[PDB]
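Asker: Hey, dropping upload-v4.txt in here, compact mmCIF, C-alpha atoms:
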# COMPACT_ATOMS: atom_id res chain seq x y z
CA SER A 21 0.00 0.00 0.00
CA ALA A 22 2.63 2.48 1.14
CA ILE A 23 5.05 0.85 -1.27
CA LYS A 24 2.99 1.08 -4.44
CA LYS A 25 2.14 4.77 -3.98
CA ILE A 26 5.78 5.77 -3.41
CA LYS A 27 6.60 4.13 -6.75
CA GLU A 28 3.44 5.76 -8.12
CA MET A 29 4.55 9.32 -7.32
CA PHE A 30 8.33 9.30 -6.76
CA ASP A 31 9.28 6.50 -9.22
CA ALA A 32 11.82 4.90 -6.90
CA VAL A 33 12.15 2.08 -4.37
CA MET A 34 12.90 3.06 -0.77
CA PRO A 35 15.26 1.11 1.50
CA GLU A 36 14.20 -0.79 4.60
CA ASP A 37 15.53 1.91 6.94
CA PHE A 38 13.22 4.48 5.31
CA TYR A 39 10.12 2.64 6.56
CA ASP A 40 11.71 1.59 9.86
CA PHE A 41 12.62 5.23 10.58
CA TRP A 42 8.98 6.31 10.26
CA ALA A 43 7.98 3.54 12.66
CA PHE A 44 10.64 4.81 15.07
CA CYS A 45 9.17 8.31 14.75
CA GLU A 46 5.62 6.99 15.21
CA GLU A 47 6.66 5.56 18.59
CA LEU A 48 7.96 9.05 19.47
CA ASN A 49 5.05 11.24 18.26
CA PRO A 50 2.12 9.02 17.22
CA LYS A 51 -0.15 11.84 16.01
CA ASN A 52 2.51 13.64 13.93
CA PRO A 53 5.37 11.22 13.21
CA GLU A 54 6.80 13.78 10.76
CA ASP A 55 7.31 16.27 13.62
CA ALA A 56 8.91 13.78 16.03
CA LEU A 57 12.29 15.51 15.57
CA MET A 58 10.90 19.07 15.55
CA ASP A 59 10.97 20.16 19.19
CA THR A 60 14.26 18.31 19.72
CA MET A 61 16.43 19.30 16.74
CA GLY A 62 14.04 21.13 14.43
CA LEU A 63 13.82 18.61 11.60
CA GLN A 64 10.74 17.40 9.73
CA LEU A 65 10.27 14.30 7.59
CA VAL A 66 9.36 15.34 4.04
CA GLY A 67 9.62 14.14 0.45
CA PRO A 68 8.49 10.53 0.05
CA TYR A 69 7.56 10.63 3.74
CA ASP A 70 4.65 12.92 2.82
CA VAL A 71 2.97 9.90 1.24
CA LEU A 72 2.86 8.26 4.68
CA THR A 73 1.29 11.41 6.17
CA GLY A 74 -1.29 12.43 3.55
CA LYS A 75 -0.65 16.17 3.07
CA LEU A 76 -0.22 15.27 -0.63
CA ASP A 77 -2.27 12.33 -1.96
CA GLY A 78 -4.15 13.33 -5.12
CA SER A 82 5.35 13.40 -12.40
CA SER A 83 6.01 16.63 -10.48
CA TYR A 84 6.73 15.12 -7.06
CA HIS A 85 10.49 14.50 -7.45
CA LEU A 86 10.97 18.28 -7.39
CA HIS A 87 8.86 18.53 -4.21
CA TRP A 88 11.48 19.44 -1.56
CA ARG A 89 14.33 19.48 -4.11
CA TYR A 90 16.78 22.15 -2.98
CA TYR A 91 18.86 24.39 -5.24
CA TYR A 92 22.01 22.23 -5.17
CA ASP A 93 20.32 18.80 -5.12
CA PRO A 94 21.56 16.68 -8.04
CA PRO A 95 19.26 14.04 -9.59
CA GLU A 96 20.98 11.37 -7.48
CA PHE A 97 19.90 13.21 -4.31
CA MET A 98 16.36 12.94 -2.96
CA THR A 99 15.48 14.85 0.20
CA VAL A 100 13.66 13.06 3.01
CA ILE A 101 14.30 15.36 6.03
CA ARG A 102 14.28 19.17 6.09
CA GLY A 103 15.99 21.42 8.62
CA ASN A 104 17.29 24.92 9.24
CA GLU A 105 15.70 27.24 6.68
CA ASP A 106 18.35 29.94 7.14
CA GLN A 107 21.11 27.47 6.24
CA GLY A 108 18.95 25.44 3.87
CA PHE A 109 19.81 22.29 5.81
CA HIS A 110 18.28 19.01 4.65
CA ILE A 111 18.97 15.26 4.57
CA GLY A 112 18.39 12.89 1.67
CA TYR A 113 19.22 9.62 -0.04
CA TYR A 114 22.08 9.61 -2.55
CA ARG A 115 21.50 7.10 -5.36
CA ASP A 116 24.04 6.38 -8.11
CA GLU A 117 21.63 4.33 -10.25
CA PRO A 118 17.87 5.06 -10.21
CA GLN A 119 16.97 1.35 -10.21
CA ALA A 120 19.49 0.62 -7.49
CA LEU A 121 19.01 1.46 -3.83
CA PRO A 122 20.66 4.48 -2.17
CA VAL A 123 24.36 4.04 -1.47
CA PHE A 124 24.41 6.36 1.58
CA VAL A 125 22.66 9.21 3.38
CA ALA A 126 23.92 12.76 2.89
CA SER A 127 23.17 16.26 4.17
CA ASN A 128 23.55 19.63 2.46
CA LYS A 129 23.25 23.29 3.43
CA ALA A 130 21.76 24.71 0.23
CA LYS A 131 22.28 28.33 1.32
CA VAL A 132 25.97 27.77 2.15
CA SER A 133 27.48 25.66 -0.64
CA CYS A 134 26.81 22.67 -2.89
CA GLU A 135 29.00 20.27 -0.91
CA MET A 136 27.48 16.97 0.20
CA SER A 137 28.30 15.46 3.61
CA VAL A 138 27.93 11.70 4.01
CA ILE A 139 26.49 11.13 7.49
CA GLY A 140 25.63 7.43 7.31
CA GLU A 141 24.37 4.49 5.31
CA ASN A 142 20.87 4.62 6.86
CA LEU A 143 18.72 7.28 8.50
CA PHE A 144 19.45 5.95 11.99
CA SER A 145 23.17 6.57 11.49
CA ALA A 146 22.27 9.87 9.81
CA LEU A 147 20.34 11.00 12.88
CA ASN A 148 23.05 9.72 15.23
CA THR A 149 25.56 11.88 13.35
CA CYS A 150 23.29 14.93 13.65
CA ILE A 151 22.64 14.33 17.36
CA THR A 152 26.34 13.93 18.17
CA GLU A 153 27.22 17.12 16.28
CA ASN A 154 24.46 19.10 18.01
CA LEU A 155 25.47 17.88 21.48
CA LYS A 156 28.92 19.50 21.23
CA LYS A 157 27.50 22.99 20.66
CA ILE A 158 26.66 25.14 23.68
CA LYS A 159 23.12 24.85 25.00
CA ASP A 160 20.90 24.85 28.10
CA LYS A 161 20.76 22.07 30.67
CA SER A 162 17.30 21.02 29.45
CA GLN A 163 18.23 20.85 25.76
CA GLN A 164 21.04 18.53 26.62
CA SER A 165 18.45 16.60 28.63
CA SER A 166 15.78 16.52 25.91
CA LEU A 167 18.08 15.42 23.03
CA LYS A 168 20.36 13.08 25.04
CA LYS A 169 17.21 11.02 25.79
CA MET A 170 16.50 10.78 22.02
CA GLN A 171 19.99 9.49 21.40
CA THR A 172 19.33 6.69 23.90
CA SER A 173 16.04 5.94 22.12
CA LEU A 174 17.70 6.12 18.69
CA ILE A 175 20.60 3.89 19.76
CA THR A 176 18.40 1.20 21.27
CA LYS A 177 16.00 1.00 18.32
CA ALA A 178 18.90 0.89 15.86
CA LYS A 179 20.33 -2.23 17.52
CA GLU A 180 17.03 -4.13 17.86
CA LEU A 181 16.52 -3.50 14.15
CA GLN A 182 20.29 -4.04 13.69
CA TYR A 183 21.27 -0.93 11.72
CA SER A 184 24.82 0.43 11.76
CA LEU A 185 25.20 3.87 13.35
CA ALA A 186 28.74 4.50 12.04
CA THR A 187 29.33 7.47 9.75
CA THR A 188 30.94 5.14 7.20
CA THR A 189 30.48 1.44 6.46
CA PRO A 190 32.45 -1.09 4.37
CA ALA A 191 29.89 -0.75 1.56
CA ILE A 192 30.42 3.02 1.45
CA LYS A 193 34.20 2.56 1.34
CA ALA A 194 33.80 -0.07 -1.39
CA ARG A 195 31.61 2.37 -3.32
CA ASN A 196 34.17 5.16 -2.93
CA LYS A 197 36.75 2.83 -4.53
CA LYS A 198 34.58 2.85 -7.68
CA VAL A 199 34.12 6.62 -7.80
CA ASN A 200 35.68 8.23 -10.87
CA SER A 201 35.58 11.83 -9.61
CA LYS A 202 34.51 13.42 -6.33
CA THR A 203 32.73 16.29 -8.18
CA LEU A 204 32.43 19.79 -6.71
CA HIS A 205 29.74 18.54 -4.32
CA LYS A 206 32.33 15.94 -3.16
CA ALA A 207 29.81 13.07 -3.03
CA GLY A 208 31.29 11.29 -6.06
CA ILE A 209 30.18 9.78 -9.35
CA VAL A 210 30.18 6.11 -10.38
CA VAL A 211 30.03 5.05 -14.05
CA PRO A 212 30.96 1.71 -15.67
CA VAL A 213 34.52 1.18 -16.90
CA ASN A 214 35.25 -1.85 -19.09
CA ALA A 215 38.45 -3.84 -19.65
CA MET A 216 39.82 -1.33 -22.17
CA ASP A 217 39.21 1.35 -19.52
CA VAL A 218 36.44 2.97 -21.56
CA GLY A 219 33.60 4.81 -19.84
CA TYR A 220 35.18 7.66 -17.89
CA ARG A 221 37.62 10.39 -18.86
CA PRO A 222 38.98 13.00 -16.43
CA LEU A 223 38.67 16.72 -17.00
CA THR A 224 41.67 18.46 -18.55
CA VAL A 225 41.49 21.01 -15.71
CA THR A 226 41.49 20.55 -11.94
CA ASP A 227 38.57 21.49 -9.69
CA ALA A 228 40.33 24.61 -8.37
CA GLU A 229 41.33 25.85 -11.84
CA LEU A 230 37.77 25.06 -12.99
CA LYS A 231 36.12 27.31 -10.40
CA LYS A 232 38.43 30.17 -11.36
CA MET A 233 37.36 29.64 -14.98
CA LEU A 234 33.67 29.77 -14.10
CA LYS A 235 34.15 32.72 -11.73
CA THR A 236 35.76 34.79 -14.49
CA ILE A 237 32.85 34.05 -16.83
CA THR A 238 30.13 35.07 -14.36
CA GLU A 239 31.81 37.78 -12.21
CA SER A 240 34.69 39.61 -13.91
CA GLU A 241 35.06 42.85 -15.89
CA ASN A 242 37.62 42.09 -18.58
CA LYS A 243 36.06 41.26 -21.94
CA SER A 244 39.49 39.83 -22.73
CA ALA A 245 39.59 37.48 -19.73
CA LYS A 246 35.91 36.50 -19.85
CA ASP A 247 36.02 35.59 -23.55
CA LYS A 248 39.14 33.46 -23.00
CA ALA A 249 37.57 31.67 -20.03
CA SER A 250 34.42 31.20 -22.11
CA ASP A 251 36.56 29.74 -24.89
CA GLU A 252 38.25 27.43 -22.38
CA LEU A 253 34.78 26.19 -21.46
CA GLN A 254 34.06 25.50 -25.14
CA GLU A 255 37.25 23.44 -25.38
CA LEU A 256 36.00 21.34 -22.45
CA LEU A 257 32.59 21.04 -24.12
CA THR A 258 34.34 20.00 -27.33
CA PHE A 259 36.40 17.41 -25.43
CA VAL A 260 33.19 16.00 -23.91
CA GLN A 261 31.70 15.13 -27.30
CA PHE A 262 34.93 13.45 -28.38
CA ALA A 263 34.58 11.39 -25.19
CA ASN A 264 30.89 10.74 -25.87
CA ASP A 265 31.70 9.61 -29.41
CA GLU A 266 34.32 7.22 -27.99
CA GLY A 267 32.19 6.02 -25.05
CA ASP A 268 33.70 7.99 -22.13
CA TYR A 269 30.31 9.28 -20.99
CA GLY A 270 31.45 10.05 -17.44
CA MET A 271 33.24 13.29 -18.32
CA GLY A 272 30.10 15.01 -19.57
CA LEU A 273 28.44 13.85 -16.36
CA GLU A 274 31.26 15.30 -14.23
CA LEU A 275 31.41 18.68 -15.97
CA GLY A 276 27.62 18.98 -16.13
CA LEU A 277 27.38 18.38 -12.38
CA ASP A 278 30.28 20.78 -11.79
CA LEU A 279 28.44 23.57 -13.61
CA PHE A 280 25.28 22.65 -11.69
CA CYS A 281 27.32 22.80 -8.47
CA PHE A 282 28.62 26.29 -9.29
CA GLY A 283 25.04 27.56 -9.03
CA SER A 284 25.16 30.26 -11.72
CA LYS A 285 21.98 30.15 -13.79
CA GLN A 286 23.98 31.29 -16.83
CA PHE A 287 25.06 27.67 -17.32
CA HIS A 288 21.55 26.20 -17.27
CA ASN A 289 21.51 25.98 -21.07
CA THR A 290 24.98 24.41 -21.04
CA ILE A 291 23.95 21.92 -18.33
CA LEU A 292 21.16 20.50 -20.49
CA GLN A 293 23.88 20.31 -23.14
CA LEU A 294 25.57 17.71 -20.91
CA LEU A 295 23.57 15.97 -18.18
CA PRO A 296 20.43 14.92 -20.13
CA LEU A 297 22.61 13.41 -22.86
CA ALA A 298 24.97 11.90 -20.28
CA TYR A 299 22.26 10.29 -18.15
CA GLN A 300 20.63 8.74 -21.21
CA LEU A 301 23.87 7.31 -22.62
CA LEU A 302 24.54 5.90 -19.13
CA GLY A 303 21.15 4.16 -19.02
CA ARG A 304 19.84 6.54 -16.32
CA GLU A 305 16.75 7.84 -18.10
CA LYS A 306 14.93 9.17 -15.02
CA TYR A 307 17.87 11.32 -13.87
CA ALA A 308 17.82 12.96 -17.30
CA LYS A 309 14.18 13.90 -16.69
CA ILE A 310 14.96 15.09 -13.14
CA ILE A 311 17.55 17.70 -14.12
CA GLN A 312 15.43 18.99 -17.01
CA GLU A 313 12.56 19.87 -14.66
CA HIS A 314 14.76 21.15 -11.81
CA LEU A 315 16.42 23.88 -13.88
CA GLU A 316 13.04 24.47 -15.50
CA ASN A 317 12.07 26.04 -12.13
CA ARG A 318 15.05 26.27 -9.78
CA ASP A 319 14.22 29.19 -7.45
CA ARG A 320 11.17 27.99 -5.63
CA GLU A 321 9.02 27.52 -2.56
CA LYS A 322 10.06 23.92 -1.89
CA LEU A 323 6.73 23.11 -0.10
CA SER A 324 4.85 21.99 -3.21
Kindly return the structure encoded in the file as structure tokens.
Answerer:
Amino acid sequence: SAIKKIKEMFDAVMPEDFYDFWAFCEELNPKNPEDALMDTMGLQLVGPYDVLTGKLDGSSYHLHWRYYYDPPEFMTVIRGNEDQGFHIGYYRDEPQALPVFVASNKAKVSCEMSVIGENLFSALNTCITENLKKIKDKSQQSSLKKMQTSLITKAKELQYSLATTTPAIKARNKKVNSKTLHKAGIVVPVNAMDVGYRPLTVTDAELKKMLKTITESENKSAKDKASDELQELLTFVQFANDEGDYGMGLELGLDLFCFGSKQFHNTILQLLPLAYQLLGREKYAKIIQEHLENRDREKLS
């Protein structure tokens, strides 16, 4: 019941910890399981969790709670500080496949992704531990230190790891071709002849200086040269695409997306839609097309 409507609206299969985490929250706040973490740490379950609540019941739902710097692989499930744009979501290399780990992002700070666990129990344990080190009252150490005890004990009965990193995550990081500007990483197939990925001709630091000059610099000389250096990269990507190294177009597309400048929107759908479809990741091609279609938004709907 809950399963078929999540694949009805969000076209994706959720892990076991997704459903177990809602049960854990329902034992905390039975009326409003979504707001079980609200008074304690100020987080609310959203995204595919809104199917379990019923605020949206009666295509366009992937974008619902998709922040500015959320790549197609990222799907938000918990929202937080609205000044920082803090939120937690599942990172998923392949749309068919299950999420590889849980990650958080501060959309109003940078595009960088922070891996906080393999499941949402470890994700919450990481958030609790970080919050406990910051100065607070005696009662707010009391109120949240009880939730850590509750979180710990339910994680073990259900037998979920609470570590920040797990062997599977480390094994996945071995297969990453590039960290990307968001630092979460990209994984594409690479055959025996080492075909599939191709690194960028420029490093990440050099690349940001190239994009900065294009968007914010007053030297028609320097900005045209940097713009021409971007064309060389774009021209290298289609040589790679012709030869099968699809991963480079995926890296550079995500790097432009990570920079945040809306000047590169047209250039991003030059890269990522074509990349995701050559990689056999059709849905992620449709994600990015709609996200840049309307990127500045009231994430509620």
Asker: Looking at only C-alpha atoms, which of A:262, A:69, A:183, A:42 is the one that sits closest to residue 56 in chain A?
Answerer: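 Smallest distance to residue 56 in chain A is found for A:42.
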Asker: Can you check which parts of range 201-252 of chain A lie within 7 Å of range 263-269 of chain A? Per residue, the shortest pair of atoms and distance in Å to one decimal, counting all atoms listed in the file, sorted by chain and number, as a Markdown table.
Answerer:
| residue | atom | partner | partner_atom | distance |
| --- | --- | --- | --- | --- |
| A:218 | CA | A:268 | CA | 5.7 |
| A:219 | CA | A:268 | CA | 3.9 |
| A:220 | CA | A:268 | CA | 4.5 |
| A:221 | CA | A:268 | CA | 5.6 |
Asker: Do you have, as a tab-separated table, the list of residues of range 83-105 of chain A lying at most 12 Å from range 31-34 of chain A, each with its nearest atom pair and that distance in Å to one decimal, counting all atoms listed in the file and ordered by chain then number?
Answerer:
residue	atom	partner	partner_atom	distance
A:83	CA	A:31	CA	10.7
A:84	CA	A:31	CA	9.2
A:85	CA	A:31	CA	8.3
A:96	CA	A:32	CA	11.2
A:97	CA	A:32	CA	11.9
A:98	CA	A:32	CA	10.0
A:100	CA	A:34	CA	10.7
Asker: So the first atom is CA of residue 36 in chain A and the second is CA of residue 185 in chain A; what is the distance between them in Å, to one decimal place?
Answerer: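 Computing it gives 14.8 Å between the two atoms.
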Asker: Distance cut-off 10 Å, centre (25.1, 15.3, -13.7) in file coordinates, counting all atoms listed in the file: which residues qualify? Return them as JSON, numbers by chain.
Answerer: {"A": [94, 95, 96, 203, 209, 270, 271, 272, 273, 274, 275, 276, 277, 278, 279, 280, 281, 291, 292, 294, 295, 296, 297, 298, 299, 307, 308, 311]}
Asker: So, with only C-alpha atoms as the atoms that count, which of A:60, A:258, A:196, A:245 lies closest to residue 168 in chain A?
Answerer: A:60
Asker: Show me, as a PyMOL selection string, the residues that have an atom within 9 Å of range 149-165 of chain A when counting only C-alpha atoms, minus same-chain residues fewer than 2 positions from it.
Answerer: chain A and resi 60-61+139-140+144-147+167-171+185-187
Asker: Mind checking which residues fall within 12 Å of residue 68 in chain A, counting only C-alpha atoms, ignoring those fewer than 5 positions away in the same chain, and posting them as a PyMOL selection string?
Answerer: chain A and resi 22-35+38-39+42+54+73-77+84-89+98-101+112-113
Asker: Could you check how far CA of residue 178 in chain A sits from CA of residue 21 in chain A, in Å to one decimal?
Answerer: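 A separation of 24.7 Å between them.
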Asker: Mind pulling up the distance from CA of residue 119 in chain A to CA of residue 282 in chain A?
Answerer: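 Taking CA of residue 282 in chain A as the start and CA of residue 119 in chain A as the end point, the length is 27.5 Å.
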Asker: Identify which of the residues A:204, A:143, A:174, A:48 lies closest to residue 227 in chain A, counting only C-alpha atoms when measuring atom-to-atom distances.
Answerer: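 Result for the nearest residue to residue 227 in chain A: A:204.
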Asker: Rebuild range 291-311 of chain A so that it carries N, CA and C atoms, then output the result as a CSV table (one decimal), in the frame of the given file.
Answerer:
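Okay, result27.csv is ready:
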chain,number,residue,atom,x,y,z
A,291,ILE,N,24.1,23.2,-19.1
A,291,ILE,CA,24.0,21.9,-18.3
A,291,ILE,C,23.0,20.9,-19.1
A,292,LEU,N,22.0,21.4,-19.7
A,292,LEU,CA,21.2,20.5,-20.5
A,292,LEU,C,21.8,20.2,-21.8
A,293,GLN,N,23.0,20.7,-22.1
A,293,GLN,CA,23.9,20.3,-23.1
A,293,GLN,C,24.6,19.0,-22.8
A,294,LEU,N,24.7,18.8,-21.5
A,294,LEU,CA,25.6,17.7,-20.9
A,294,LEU,C,24.8,16.6,-20.2
A,295,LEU,N,24.1,17.0,-19.1
A,295,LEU,CA,23.6,16.0,-18.2
A,295,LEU,C,22.5,15.2,-18.8
A,296,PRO,N,21.4,15.7,-19.5
A,296,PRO,CA,20.4,14.9,-20.1
A,296,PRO,C,21.0,13.9,-21.1
A,297,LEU,N,22.0,14.3,-21.9
A,297,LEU,CA,22.6,13.4,-22.9
A,297,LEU,C,23.4,12.4,-22.1
A,298,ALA,N,24.2,12.8,-21.1
A,298,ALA,CA,25.0,11.9,-20.3
A,298,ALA,C,24.1,10.8,-19.6
A,299,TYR,N,23.1,11.2,-18.9
A,299,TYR,CA,22.3,10.3,-18.2
A,299,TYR,C,21.6,9.3,-19.1
A,300,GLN,N,21.3,9.7,-20.3
A,300,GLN,CA,20.6,8.7,-21.2
A,300,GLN,C,21.6,7.8,-21.9
A,301,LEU,N,22.9,8.2,-22.1
A,301,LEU,CA,23.9,7.3,-22.6
A,301,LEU,C,24.3,6.4,-21.5
A,302,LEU,N,24.2,6.7,-20.3
A,302,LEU,CA,24.5,5.9,-19.1
A,302,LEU,C,23.4,4.9,-18.7
A,303,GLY,N,22.3,5.0,-19.4
A,303,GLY,CA,21.2,4.2,-19.0
A,303,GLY,C,20.5,4.6,-17.7
A,304,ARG,N,20.4,5.9,-17.5
A,304,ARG,CA,19.8,6.5,-16.3
A,304,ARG,C,18.8,7.5,-16.7
A,305,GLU,N,17.7,7.0,-17.4
A,305,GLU,CA,16.8,7.8,-18.1
A,305,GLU,C,16.1,8.8,-17.1
A,306,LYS,N,15.7,8.3,-16.0
A,306,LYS,CA,14.9,9.2,-15.0
A,306,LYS,C,15.8,10.4,-14.6
A,307,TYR,N,17.0,10.2,-14.3
A,307,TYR,CA,17.9,11.3,-13.9
A,307,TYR,C,18.0,12.4,-15.0
A,308,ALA,N,17.9,12.0,-16.2
A,308,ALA,CA,17.8,13.0,-17.3
A,308,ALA,C,16.5,13.8,-17.2
A,309,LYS,N,15.4,13.2,-16.8
A,309,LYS,CA,14.2,13.9,-16.7
A,309,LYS,C,14.2,14.8,-15.4
A,310,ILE,N,14.8,14.3,-14.4
A,310,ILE,CA,15.0,15.1,-13.1
A,310,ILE,C,15.6,16.5,-13.5
A,311,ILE,N,16.8,16.5,-13.9
A,311,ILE,CA,17.6,17.7,-14.1
A,311,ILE,C,16.8,18.7,-15.1
